[PDB]
Amino acid sequence: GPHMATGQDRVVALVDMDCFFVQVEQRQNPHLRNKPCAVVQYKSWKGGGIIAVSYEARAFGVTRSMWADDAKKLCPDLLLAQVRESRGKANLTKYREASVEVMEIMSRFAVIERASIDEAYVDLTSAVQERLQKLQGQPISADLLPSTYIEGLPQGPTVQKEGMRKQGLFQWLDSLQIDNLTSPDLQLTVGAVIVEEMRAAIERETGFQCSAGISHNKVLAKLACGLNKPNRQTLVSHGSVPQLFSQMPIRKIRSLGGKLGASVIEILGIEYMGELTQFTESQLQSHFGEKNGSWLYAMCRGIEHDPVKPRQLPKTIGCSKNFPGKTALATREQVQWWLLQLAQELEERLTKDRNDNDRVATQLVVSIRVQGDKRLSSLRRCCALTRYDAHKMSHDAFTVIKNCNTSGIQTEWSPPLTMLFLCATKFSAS
DNA sequence: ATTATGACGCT
DNA sequence: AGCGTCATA
Ligand SMILES: [Ca+2]
Ligand SMILES: [Mg+2]
Ligand SMILES: [Mg+2]
């Protein structure tokens, strides 16, 4: 009772750009704004692979991973923007730079952990205390929360969505105890006020819209964020957890979307996150290991302790290309030419990295896939990375993988390579 | 013939 | 170290 920690110690947000690559392209080309549109890479094979989709286009059933030709069957007027190509491969620089724009804005408000090219966790705990002292027991106006949903509300005794949103928000605010600087619900609420401000600043200064989740930890924040998209934010309180989890498929929780989540369902014979509460910590540990077992026991109760790491910059810089089906590399000349193209992009990105961020990578990781293997990577090998020179890097990469060539002939390569990957890692200050 | 990434766990 | 898992545009 009095000694059970409830995982209400922090306020954590997760900010996620809406259809991010699409917005980057729409900002640049106003003709694409407010239309069904998608971003595609390459174009010759089935019109190109779709990697991002506007909300207008999703309404027609267009999705990521769909071939553009097939998307056009669902959405004939679908508009397309193509990822830039350089050195014969997709080049994602425009999106990486747009991401930096957003991350630098977020960093003005609080410490952020860059979770992906378009999302960051924010630890608001400190910022909330501060704001709480400026407010001095002042109630929080619904006006300060114009895009916020309160998960689980309204309840009890509204035909249209904005009306529901507001009814829910009013119930929440009318119940709030602002007299108490340590109420976790109040802290979450102040968190949401800050996130409205952050989101306003991002949109003002970049033109990009985003959604966000505000809760007591990263898993709940991430889940919350997806509840109302696009261009909205969702507060998931500790109290909302039991109802929310009672019908929440296990696979929806971050880290449970793959094989572990599949085994939780299979081994325990359950479907929903809430059903986990009926097992002891020991039981969960026996099936899923000490760490996972402990994590699951706490998580199904809405509790998680993973910190927002103070890290705004990626830890690795990598360049990758697939060579699918008939394009698999089958000669030594080919392999060396593409290792060079990858190495040239990598050098360019590394040099800029060193200038902007005062660090140097020290390890080069080389990875390939061979025709047949259904794994992302067939083989990984690292070497020293002593100079930012593409010719040297490609030469070193060739050296570490060349023994993979089955071909008895020097000039031929077998089995053919269907993927090449160069990654710079292990940065040190400079 | 989704592709191009990126973080982190296990042994 | 090299491999696997899980994630996102
Ligand atoms: Ca997004
Ligand atoms: Mg995202
Ligand atoms: Mg997405």
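The figures here come from the full heavy-atom set of this structure, side chains too, leaving out hydrogens, waters and symmetry mates. Lettering of chains follows the sequences in order, A, B, ..., and the numbering in each one begins at 1.
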Listed in order of residue number, which residues of residues 249-257 of chain A have a non-hydrogen atom at under 4.0 Å from DNA chain C? A/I253, A/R254, A/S255, A/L256, A/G257
Is any NZ, NE, NH1 or NH2 atom of the basic residue among A/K46 and A/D70 found under 4.0 Å from an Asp or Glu carboxylate oxygen of the other? no
A/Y121 OH to B/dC8 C1': how many Å, rounded? 13 Å
Using 4.0 Å as the upper bound for N to carboxylate O, is an ion pair formed by A/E304 and A/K218? no
What I want to find out is whether A/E119 reaches A/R114 closely enough, with some N-O distance under 4.0 Å, to be called a salt bridge. no
Given atom CD of A/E290 and atom P of B/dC10, what is their separation to the nearest angstrom? 10 Å
Expressed as a whole number of angstroms, how long is the span from A/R380:CZ to B/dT11:P? 16 Å
Nearest-Å distance, CZ (A/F21) to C1' (B/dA4)? 9 Å
Taking the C1' atom in each of C/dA7 and B/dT2, what is the distance between them to the nearest angstrom? 16 Å
Could you check how far CZ of A/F427 sits from P of B/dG6, rounded to whole Å? 10 Å
Answer yes or no: is there an ion pair linking A/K229 with A/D16, defined by an N-O contact shorter than 4.0 Å? yes
Output yes when at least one side-chain N/O atom of A/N322 is less than 4.0 Å from OP1 or OP2 of B/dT2, else no. no
Is it true that A/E205 and A/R108 have a side-chain N and a carboxylate O under 4.0 angstrom from each other? yes
Base, sugar-phosphate, or nothing for A/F20, non-hydrogen atoms under 4.0 angstrom? sugar-phosphate
Run the salt-bridge test on A/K43 and A/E85 with the 4.0 Å N-O cut-off and return the result as yes or no. no
Going 5' to 3' along DNA chain C, between which two nucleotides do contacts with chain A fall, using a heavy-atom cut-off of 4.0 Å? C/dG2 to C/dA9
Looking at every strand, decide which applies to A/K94 at a 4.0 Å heavy-atom threshold: base, sugar-phosphate, or nothing. nothing
Salt bridge present between A/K352 and A/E97 (N-O < 4.0 angstrom): no
Mind checking A/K89 for me? I need base, sugar-phosphate or nothing, with any heavy atom below 4.0 Å counting as a touch. sugar-phosphate
Could you tell me whether A/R375 and A/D373 have a side-chain N and a carboxylate O separated by less than 4.0 Å? yes
Any ion pair linking A/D396 and A/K392 (charged N to carboxylate O, less than 4.0 Å)? yes
Examine A/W338 together with A/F323 and report whether their ring centres are nearer than 6.0 Å. yes
Kindly indicate, with the supporting measurements, whether the criterion salt bridge (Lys or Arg N to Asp or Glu O under 4.0 Å) is fulfilled by A/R349 and A/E345. CA-CA 6 Å; A/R349 288 164 61 189; A/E345 180 189 319; 2.9 Å; yes
By the 4.0 Å heavy-atom rule, please label A/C423 as base, sugar-phosphate, or nothing. nothing
Under 4.0 Å: is that the gap between some side-chain N or O of A/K315 and OP1 or OP2 of B/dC8? yes
Decide yes or no on side-chain contact (heavy atoms from CB on, under 4.5 Å) for A/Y121 and A/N217, but give the supporting numbers first. CA-CA 9 Å; A/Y121 295 94; A/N217 55 65; over 6 Å; no
Measure CZ/A/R87 against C1'/B/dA4 and give the value in whole Å, please. 15 Å
Using a heavy-atom cut-off of 4.0 Å across all strands, would you classify A/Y42 as base, sugar-phosphate, or nothing? sugar-phosphate
Go nucleotide by nucleotide along DNA chain B from the 5' end; which of A/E113 and A/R369 gets its closest nucleotide reached first? A/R369
Rounded to whole Å, CH2 of A/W295 lies from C1' of B/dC10 at a distance of 18 Å
Go through the steps for A/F21 and A/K94 under the test side-chain contact (heavy atoms from CB on, under 4.5 Å), then give the verdict. CA-CA 9 Å; A/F21 291 11; A/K94 192 196 297 183; over 6 Å; no
Going by number, which of residues 46-78 of chain A have a non-hydrogen atom under 4.0 Å from DNA chain C? A/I51, A/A52, A/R64
Quickly work out the A/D118 CG to B/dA7 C1' distance and round it to whole Å. 15 Å
Mind checking A/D16 for me? I need base, sugar-phosphate or nothing, with any heavy atom below 4.0 Å counting as a touch. sugar-phosphate
